[PDB]
Amino acid sequence: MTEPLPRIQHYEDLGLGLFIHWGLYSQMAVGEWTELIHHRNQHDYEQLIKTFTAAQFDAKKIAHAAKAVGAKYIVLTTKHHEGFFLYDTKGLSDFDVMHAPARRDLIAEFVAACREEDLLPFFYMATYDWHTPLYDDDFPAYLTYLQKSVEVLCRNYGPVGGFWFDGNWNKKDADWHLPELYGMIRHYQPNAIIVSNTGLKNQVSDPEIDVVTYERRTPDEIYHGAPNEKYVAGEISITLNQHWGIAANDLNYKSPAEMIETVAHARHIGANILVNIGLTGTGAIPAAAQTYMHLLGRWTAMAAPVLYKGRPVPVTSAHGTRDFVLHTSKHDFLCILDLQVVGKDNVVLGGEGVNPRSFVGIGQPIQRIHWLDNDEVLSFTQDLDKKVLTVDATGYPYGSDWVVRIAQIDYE
Amino acid sequence: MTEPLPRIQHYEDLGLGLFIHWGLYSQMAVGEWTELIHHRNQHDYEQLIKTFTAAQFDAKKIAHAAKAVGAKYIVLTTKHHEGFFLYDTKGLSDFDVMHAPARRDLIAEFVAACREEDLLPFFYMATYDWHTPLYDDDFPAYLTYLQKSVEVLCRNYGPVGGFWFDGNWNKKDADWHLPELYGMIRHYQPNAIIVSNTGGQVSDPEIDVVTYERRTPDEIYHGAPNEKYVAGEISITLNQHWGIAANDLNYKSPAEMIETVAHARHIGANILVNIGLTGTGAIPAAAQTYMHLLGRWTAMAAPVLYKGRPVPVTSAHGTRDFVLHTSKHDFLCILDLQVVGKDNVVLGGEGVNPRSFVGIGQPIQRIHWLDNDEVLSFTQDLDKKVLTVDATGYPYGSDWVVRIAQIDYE
Amino acid sequence: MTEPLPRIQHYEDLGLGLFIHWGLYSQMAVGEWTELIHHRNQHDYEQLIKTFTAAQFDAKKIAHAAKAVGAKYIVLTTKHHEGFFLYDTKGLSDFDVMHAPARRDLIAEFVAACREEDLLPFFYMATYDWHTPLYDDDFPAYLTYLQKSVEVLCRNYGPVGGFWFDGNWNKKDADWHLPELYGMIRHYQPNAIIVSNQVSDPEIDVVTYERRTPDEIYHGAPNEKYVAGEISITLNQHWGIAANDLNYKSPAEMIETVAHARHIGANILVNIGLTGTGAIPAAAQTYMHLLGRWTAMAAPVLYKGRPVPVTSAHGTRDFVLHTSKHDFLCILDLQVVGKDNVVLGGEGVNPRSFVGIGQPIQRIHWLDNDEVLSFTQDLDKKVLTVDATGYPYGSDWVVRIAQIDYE
Amino acid sequence: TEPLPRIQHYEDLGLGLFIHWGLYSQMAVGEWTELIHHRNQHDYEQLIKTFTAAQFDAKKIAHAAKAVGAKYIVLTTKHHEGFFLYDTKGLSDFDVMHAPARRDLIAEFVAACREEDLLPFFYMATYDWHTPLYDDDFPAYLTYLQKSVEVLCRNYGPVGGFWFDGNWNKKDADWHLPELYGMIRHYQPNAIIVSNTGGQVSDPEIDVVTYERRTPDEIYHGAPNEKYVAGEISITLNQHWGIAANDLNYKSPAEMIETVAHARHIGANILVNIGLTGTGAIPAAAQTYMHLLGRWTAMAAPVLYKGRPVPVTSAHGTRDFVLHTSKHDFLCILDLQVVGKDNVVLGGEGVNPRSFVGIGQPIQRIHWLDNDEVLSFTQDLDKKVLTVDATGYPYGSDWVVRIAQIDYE
């Protein structure tokens, strides 16, 4: 049974990434699929190139914000279904940022900014393309165009963290020549992570795929490939409302609490997680996304000891709880949900009674257990023969609520 | 059954207010009850007065934000349990903003800012006080101190929208001399709404509004049959705390906020959305995000949010939908809709979506969504008072959480 | 809270009773409220007296079935809303069993059968009456009629376990003259338990609570008489037999309900509706057989076990009952244990915790098979954690009970 | 594709009775007791000596099936314990001919089914704990399994079907299904072959595949150019299939009724299981369930057998569904309450609009099957919406799943 290749091991250590949707669609703020979904006249929609100034895009600020949220990589949409490229395609197309008023290779600014902050730059590429008539009219030539667009990314920006391929609504059954495309990527970017949102066709879609995406609600530890074959990692994605590109009248935002639980859940099932934000037309992080990033950032700073290196382990929680354990080489960590805030005396807020939370699968004697957020030592008992650990999971100090609270176990 | 007195009818038309928690506790950003709950030394806590600059308090910005969110009044904490007064108590106490570096009557700034935006200013007053030893040592004198503190508010700021009394953790047995306190308010501010946290029987005839739990399932209680009608109000804060709490990450979804606002109207209550200011008096960025989202919803819902009332029209089994009545229209408030894709791209909302209601007996001419004016198809059975509409899903790129259809009668 | 009077104390030890609905309505088999709810013609409906033979009523079989199910008392409907009396009213009314072909005092047969099986006989009396015009047309005279009907029951059958009064709720404003009614009962039946479906009258011993009440019930104000509590469950949606009511509860929910009643400090009545002629229906027999297996296993705790301030861990429905010698863990949501490849759900260690046990424990064992459980305690925080093993293949008790033996 | 005629007939059966009875029945601690309780094999097998079948009456079994509205019966002819309830004619000594009963139970069973116009089906466990061949010589085990089926195919005349349980034990091994099934086709061309482990069928000869009871959506009928395969779900009354005396964890009759309706909604048959006592009697508990289910299936007879799923969905937040026959549609309506009167409110008295999408034809009349009450309704033919006022139950009744028949113009 295979173990991850070094570059995949590294990918798993990244833990959290920021996904950034930004394209011509951003100017209309009605979702990234607007051209197809709203049946827009193609010519009129493509005129959006003329007002693509990128006047507020600051890759340095974006990389800084990603670092502060505790992300270790960023996936930027280099070309979405609309087919507009955020980089210099060096003559491949006129529908690129060099032909917009911006006149800046935004991908170059992005990679430079990522490097300064020690973040891996990843490139999102949509394979279903609405711009080029090649897609319907001459699919083999389309493949060449797709491949060349990828090749430019592989050869003009230095080492790349990875590629994130999106083939939602792909041509069913057509030959995508993945071995040629992935093969080319390996030749120029041997170390790049290849991610696919259609990497599972029963069975990976190509040997060169490193990561497959999964739905955020996946209950159990994800699939890592057949037992004698290359280990493939997993990734889940969450966007803040219902849309990936900015959508001004989409008010259906998830709670910050659910965001935190999703990040925790991803780690529990052995996947990375991407948190998505949609930039404004001119390239700014919207205020709403800033709020979510600030809250997530406080959680990830507290969870830093386990968020990156923590792995799933055969330790289960007791009946009726959502609690789980993550393992690093030096420690185990209890991730504890559904805690309440502690009041005092007459003021009952919910958390003040003893709160025994049990786990099954810990066989080693424990010296100390403490909450990461405030270093409070927890009392506990063990039955080593049955591998039971029971901790008194105290509630939050008044004035705080971490949503997912983490206790570090220090072994005897 | 009595109907609301005019001032209470005006209150119910306010619909939505903003609650603002700001005090010395704000500087520690660990919740408004920190002094008691964290067992602080009183002297050390009360030193916070020395750094209360209010350097970033701008009542105009706050009034403007309230206007933009669609709120029609603001409840500001004038004195919380900590017992510090945000206004000039004119010698009643040294623990007031006049004795802080800010040196500004913040209530005066607040009332002026409310008037310029046509918002009603409401004053929150805690009756359980941790600062004055009168509270435990000389309760009759405490009553006089409480009453005098309210008297200052009734006499120094012009007409006031209302008072919001918080009796949480009070002495429930004691005689609070409510007739004298409320009576005094009636004398100076005949038109003020009196709201009570702990208003069986109402706690005093002069109470106009009583508070209710956020999740109360059914239309609220308005008082006994021959008695004065009392209105209701629910409150929601964005995380678990009312004052700012920097490490409280447990924020509710904006969607739940919108559903709570709609729910309050559905059960015949006003709703307060609470924000906790920073130590220096700024609206925190997180609160701004929620206000921006809520403001888009309330602008869309303006035709019904204020004048709409509960009416004996129920929704079909398995839905959370409900109806609000104004004098000219009924409005269907429809939940659990999905976004519409196109053809092969299925987002959830594209099939016909029959939503039914029971209790509409009049022939309908037209029904349309407030957000985009799309006309809905519908059928009626007038004898059984059934209405069924095809509630189309959201246009791609939008999601209103609670979608509202206006009914136009023949 | 005062200490319960001895009769009340005895009542709480009864634990489980059988409720029996049987009247003229039983012949129709469309529910006990049929006369009112189906708007029947009163004269035509009352003709059912002419075919009330009680040909299959055997009070001995009923008492035996109650004994076998582990019930300690039986509440029999002596007169329901329909207003027909199952006993000899000695001239009070012609609408009684002595004027039916049965021509037997069924209450007499019932009390004798209860006594021989050592069960307390309780009499159910409906106070909302559809038969006598007095009810609407002359309420004060109705009160006298009601009172006399109870007086017959208090004077003609020897000592009675109790009275179960249903239906003052019909007229919540009216003066029901409870002191005279209850006082009369106290005079002739000082030890009888008075159950009523601030408390309405000082003589009331027991108050009914809904089946779903979450918390330990109310026992009256401090310095006042302690009053007990009782909950009721029927097997489908109706109390009298209802042939086309297919909406029966699971036997599992029945067992959980009985367990729940004890947890909140109440007795529980399980209701059965007899057939027209007075037989226990086959469906009710099935439920009684299943309940009887559970109550036989739970006998150590079912009668004497009382609620105690010991709570269960987050996310479990488990609870604790206290007797003078032992505590008992009542554990829900267990699965059956498979073996090796065959995973049925119960085979991993299953830590279930409780908070409020401060004393060192010597042993814990399941009542059903005597298996000893492993456990750990933290005496300072009063935490007990047991490994609640799953059921042996081939069994499933729904509510499993572990007995704690203290050092 | 169109179902083969034998498969179409199977689908019309709707409901069957599953009967578990073997040596394990004597223990009353579940049918898997020998393995799960780690019993000594020799000691367990001695149970053959007290297998009298003294209370087995195949006519009572057939009668109970008839009364519940079942159209076939699946009897366990050999379970994992490996004991055969029929004469294996020299294949094995571990059969009913070597027990005190001395009668071929299968023969009695087939005769009793034929007299009630029920199809007899034979359940056969392919995972066998008795014969050492199973672990020690799998190819020879296959021959033994096949011969045991051959006896069933050749000694009883035409049979309704075979119900194979347990190739899931060795998921990798070659079970030689073409030879086993081919043999069955040769002697019993019209028999339904059901498989417990059947997006690819395990053999072309399989007619029916089993599915989980809780499957949400209409079942899979096979790839678009290939043989149509039917589906079946199973429910037992408690947690065990064989009798289990101290298993008190019985499902509600209401859940049983909902499961039967659910099977039909998803286009499957349903088997309701009963475990006989040691000596072969139907336990009283099973009789109670049968009687309750029988009242429902008698009321649902117009649609239970011929009703099929159809692209008509119910409104948001209801569990209602529609079944189609050639002459009618039927609304199956859940979560109704009983109707009180005036001040006595039982829950069902207000107008109760229940909607469906996908009916495009004008309707003349709609009425409840249980009492013939006519329902009021409105239609929007352009959007294919039907809304009915689903009145609650008459006091004294509660059908759990209520059925309204639609009569078209």
Side-chain angles (χ1 to χ4, degrees), chain C residues 25 28-34 36-39 170 235-238 240-255 281-287 289-294 296-297 334-342 344-345 368-369 391-399, chain D residues 24 27-33 35-38 168-169 237-240 242-257 283-289 291-296 299 336-344 346-347 370-371 393-401:
Chain C
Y25 45 82
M28 307 324 286
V30 290
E32 69 294 357
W33 280 66
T34 180
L36 181 73
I37 296 178
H38 292 127
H39 199 99
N170 186 246
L235 301 176
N236 58 14
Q237 287 293 296
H238 298 85
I241 188 161
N244 287 322
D245 174 358
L246 311 182
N247 188 13
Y248 276 77
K249 295 171 187 65
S250 65
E253 169 175 1
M254 176 189 53
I255 288 164
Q285 285 291 178
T286 290
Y287 281 75
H289 291 147
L290 296 168
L291 180 55
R293 286 168 175 289
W294 189 83
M297 173 284 292
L334 290 175
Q335 290 182 284
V336 184
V337 168
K339 183 153 182 321
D340 300 321
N341 272 345
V342 188
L344 302 174
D368 52 282
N369 69 351
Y391 299 112
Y393 179 78
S395 75
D396 185 337
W397 292 93
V398 179
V399 176
Chain D
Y24 45 82
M27 308 288 79
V29 289
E31 70 293 357
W32 283 66
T33 178
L35 179 74
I36 295 177
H37 289 134
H38 200 114
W168 37 259
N169 194 256
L237 298 178
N238 58 14
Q239 288 293 296
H240 298 85
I243 191 168
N246 290 320
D247 173 358
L248 313 184
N249 189 11
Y250 275 79
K251 294 175 186 62
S252 66
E255 171 179 0
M256 175 187 57
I257 288 165
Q287 288 288 9
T288 284
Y289 283 76
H291 295 133
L292 296 165
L293 181 55
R295 284 168 176 287
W296 187 86
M299 171 285 291
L336 291 173
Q337 293 182 281
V338 184
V339 169
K341 165 97 151 214
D342 301 323
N343 79 324
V344 186
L346 301 174
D370 51 282
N371 67 353
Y393 298 113
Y395 178 77
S397 77
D398 185 335
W399 291 92
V400 180
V401 175

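In what follows, every chain begins at residue 1, and chains take the letters A, B, ... in the order their sequences are listed. The analysis underlying the following values was restricted to heavy atoms, covering all of them including side chains, and did not include hydrogens, waters or symmetry mates.
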Taking [options] one by one, which has the highest count of heavy-atom pairs under 4.5 Å against chain C?
| options | result |
| --- | --- |
| D:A284, D:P394, D:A28, D:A245 | D:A245 |
| D:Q287, D:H38, D:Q239 | D:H38 |
| D:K251, D:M299, D:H37 | D:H37 |
| D:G242, D:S252, D:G30 | D:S252 |

Greatest number of heavy atom pairs closer than 4.5 Å to chain D - which of [options]:
| options | result |
| --- | --- |
| C:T34, C:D245, C:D340, C:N236 | C:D245 |
| C:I241, C:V30, C:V342 | C:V30 |
| C:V398, C:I37, C:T286 | C:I37 |

Heavy-atom distance under 4.5 Å between the side chains of C:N244 and D:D370, does that happen here?
->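 The answer is no; the side chains never approach within 4.5 Å.
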Is the closest side-chain heavy-atom distance between C:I255 and D:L248 below 4.5 Å?
->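 With C-beta onward as the side chain, the pair touches.
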Pairing residues for C:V336 by the side chain to side chain contact (heavy atoms under 4.5 Å, CB included) criterion, not counting sequence neighbours |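 Only C:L344, C:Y391, C:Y393, C:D396, D:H240 meet the side chain to side chain contact (heavy atoms under 4.5 Å, CB included) criterion with C:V336.
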Rounded to the nearest 0.5 Å, how far apart are CG of C:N247 and OG of D:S397?
->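 These two atoms lie 10.5 Å from each other.
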Checking C:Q335 against chain D: side chain, backbone, both or neither under 4.5 Å from a heavy atom?
-> neither
For D:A244 and C:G394, work out which heavy atoms get closest and say how close.
->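 Scanning both residues, the minimum pair turns out to be CB-O, 3.4 Å.
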Quick one: closest heavy-atom pair of C:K339 and D:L35, and the distance?
->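 Here C:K339 and D:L35 meet closest at CD-O, 3.7 Å.
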Against chain C, label D:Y289 side chain, backbone, both or neither, depending on which of its atoms sit under 4.5 Å from a heavy atom there.
-> side chain
So which part of D:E255 gets closer than 4.5 Å to some heavy atom of chain C, the side chain, the backbone, both or neither?
->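 D:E255 has no heavy atom closer than 4.5 Å to chain C.
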